[PDB]
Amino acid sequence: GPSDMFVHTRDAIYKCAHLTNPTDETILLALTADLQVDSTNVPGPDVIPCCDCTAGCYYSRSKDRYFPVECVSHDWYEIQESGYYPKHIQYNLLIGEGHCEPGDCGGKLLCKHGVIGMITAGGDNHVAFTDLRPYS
């Protein structure tokens, strides 16, 4: 569960858009958030809180462990060119100090109340999460 690179709530599945494709169960697609949301008939264990938290813990796939992390909100952020996207702007980010490598996208960010984010980009001791709360 903690290692899953997606968020699975009672009614929906949240994935990083570049890691999937639109399907007939897609209910939200936002490339400005690198986010795809699909409806699902099978209930999931995760909960997206309506809290205000910016601090918690996240899964790092490259290190294969969880890290504590403290984040700051950014309305928008410049993501550098990768392999799936050109250099572009993304919206609603949480940014914290922490390790991040290519391949870590989708790793969950949790506060006490539930999952609030997913790794979407990161670099030199910075990790960027899309805040899922605006989109739930």
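Residue numbers here begin at 1 and follow the sequence given.
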- [ ] Give the stretch, out of 28-36 and 98-106, with the larger mean C-alpha temperature factor in the deposited entry.
- [x] 98-106
- [ ] Return whichever of 46-54 and 59-67 has the greater mean Cα B factor according to the PDB record.
- [x] 46-54
- [ ] Comparing against every modelled residue in the chain, figure out the third that the C-alpha B-factor of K112 lands in (lowest, middle or highest).
- [x] middle
Open item on the list: When the deposited Cα B-factors of this chain's modelled residues are ordered and cut into thirds, is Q90 in the lowest, the middle or the highest one?
Closed with: middle
